[PDB]
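Report on one structure; see the data block that follows.
Numbering starts at 1 and runs along the sequence shown. Hydrogens, waters and symmetry mates are skipped; everything else that's a heavy atom, side chains included, is used.
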Amino acid sequence: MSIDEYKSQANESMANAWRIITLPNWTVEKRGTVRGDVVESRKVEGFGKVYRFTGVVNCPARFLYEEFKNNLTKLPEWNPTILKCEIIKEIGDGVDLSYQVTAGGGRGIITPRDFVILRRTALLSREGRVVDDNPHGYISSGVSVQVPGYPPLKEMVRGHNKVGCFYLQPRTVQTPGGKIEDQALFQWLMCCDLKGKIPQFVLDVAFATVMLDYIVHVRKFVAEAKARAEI
């Protein structure tokens, strides 16, 4: 792949993720423990069933964006669902390739899987245009690609991310004690291949559980940053 082919696919993927994650009319799949946390699903032509987590995280959106953008290889340190994360190559315009190994779901349906991910990280306007400052939202998009040198392993299922992203929107709130503090609306789009003949209602529970279980670790990471006066 020319890096133009990869750069093209990163742009196409980022635009599809943003377009999807902002579509109207979703179906509730599972509500979380914290007020407002929800996994929803819907049908999207050309992708099939997609999942979206929405919830609020007690940190600036820019802070989380910069952790995902600049510190992807540190993810395993605070998120035990991520076993390994390696950058393969950075090819410009906040576009890179990575190798990621995920743990199995807390259910036995989603097994350990590894991924070869093409990502774009960017700042977006409300119209989904890339901007240099004053963003509406911060996006980190993912799609699975093939990279020679990272073949499927016989010992591990190679997952296929069809379209996905994190999409973080800045919020500033008033606390009960009257303080003004930055928070973030955290949205996460997921759309996996999962192979074989497992019933969709079984897959829907398994994916919504994966997404709620991940958010626990995000909240823990944020709470430790707050404790240390990093935010």
Side-chain angles (χ1 to χ4, degrees), residues 9-57 61 64-65 68 81 100 102 104-107 109-111 113 115 117-122 124-128 130 135-145 157 159-171 183-194 196 198-219:
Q9 288 177 48
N11 293 330
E12 179 187 42
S13 173
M14 179 188 77
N16 277 312
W18 181 81
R19 182 180 58 81
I20 294 170
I21 203 171
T22 62
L23 280 169
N25 287 14
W26 292 64
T27 294
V28 170
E29 295 295 349
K30 185 144 216 189
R31 284 185 191 95
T33 59
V34 350
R35 178 68 68 180
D37 281 10
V38 62
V39 183
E40 302 171 288
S41 68
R42 81 158 187 129
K43 173 182 73 143
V44 179
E45 180 83 288
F47 293 95
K49 199 185 279 192
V50 307
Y51 303 96
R52 184 184 65 186
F53 171 78
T54 301
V56 174
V57 175
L64 252 197
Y65 171 72
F68 293 134
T81 76
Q100 308 184 27
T102 60
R107 263 189 218 288
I109 299 135
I110 299 159
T111 70
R113 290 179 297 172
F115 293 88
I117 298 301
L118 175 69
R119 174 170 85 138
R120 183 160 183 198
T121 62
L124 299 181
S125 81
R126 74 163 62 287
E127 294 83 15
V130 340
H136 171 264
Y138 295 87
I139 196 158
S140 175
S141 65
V143 61
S144 289
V145 299
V157 170
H160 189 88
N161 178 354
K162 299 186 238 189
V163 61
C165 68
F166 293 138
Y167 186 54
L168 318 174
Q169 288 175 259
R171 296 289 180 261
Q183 286 200 334
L185 181 73
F186 184 109
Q187 293 184 306
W188 174 14
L189 174 72
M190 180 177 70
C191 181
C192 294
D193 71 325
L194 224 74
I198 308 154
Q200 197 61 233
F201 74 98
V202 171
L203 291 178
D204 298 334
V205 182
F207 290 124
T209 308
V210 160
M211 290 182 102
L212 268 357
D213 286 347
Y214 186 111
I215 200 65
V216 175
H217 302 306
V218 171
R219 284 205 174 107

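Ion pairing between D213 and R107 fails under the 4.0 Å rule for side-chain N and carboxylate O.
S144 is not listed as a side-chain neighbour of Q100, based on a closest heavy-atom distance of 4.5 Å or more. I215 places a side-chain heavy atom less than 4.5 Å from the side chain of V57. In this structure, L64 and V218 have side chains that are in contact, with non-hydrogen atoms separated by less than 4.5 Å. Counting heavy atoms from C-beta outward, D204 and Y51 have side chains that approach closer than 4.5 Å. For the pair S13 and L118, the minimum side-chain heavy-atom distance is 4.5 Å or more.
Residues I21 and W26 approach most closely at CA-CZ2, 4.4 Å, considering heavy atoms. Summarising the geometry of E29 relative to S41, their closest heavy-atom pair is OE2-OG, 2.5 Å, with the distance given to 0.1 Å. A pairwise comparison of heavy atoms in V143 and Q9 identifies CG1-O, 4.5 Å as the closest pair.
Atom CZ of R171 and atom CG of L185 lie 5.5 Å apart (nearest 0.5 Å). Separation of atoms CD (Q169) and CG (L124) is listed at 10.0 Å; rounding is to 0.5 Å. Here the CD atom belonging to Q187 is positioned 9.0 Å from the OG1 atom belonging to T22, to the nearest 0.5 angstrom. Separation of atoms CE (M14) and OG (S140) is listed at 11.0 Å; rounding is to 0.5 Å.
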- Task: Decide yes or no on side chain to side chain contact (heavy atoms under 4.5 Å, CB included) for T27 and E40, but give the supporting numbers first.
- Result: CA-CA 5 Å; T27 294; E40 302 171 288; 5.9 Å; no
- Can you check side chain to side chain contact (heavy atoms under 4.5 Å, CB included) on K49 and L203, steps first, answer last? CA-CA 10 Å; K49 199 185 279 192; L203 291 178; over 6 Å; no
- Message: Using the rule given for side chain to side chain contact (heavy atoms under 4.5 Å, CB included), can you reason through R113 versus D193, listing the C-alpha separation, both sets of side-chain angles and the distance that settles it, and then say yes or no?
- Response: CA-CA 12 Å; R113 290 179 297 172; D193 71 325; 4.2 Å; yes
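The aromatic rings of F53 and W188 sit perpendicular, their planes meeting at an angle over 60°, well past the 30° parallel limit. Between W18 and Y167, the ring planes lie perpendicular to each other; the angle is over 60°, past the 30° to 60° tilted range.
In this structure a side-chain-to-backbone donor-acceptor pair under 3.5 Å is missing from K162 to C191.
Residue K30 places its NZ atom among 12 or fewer non-hydrogen atoms of other residues, nucleotides or ligands, all under 6.0 Å distant.
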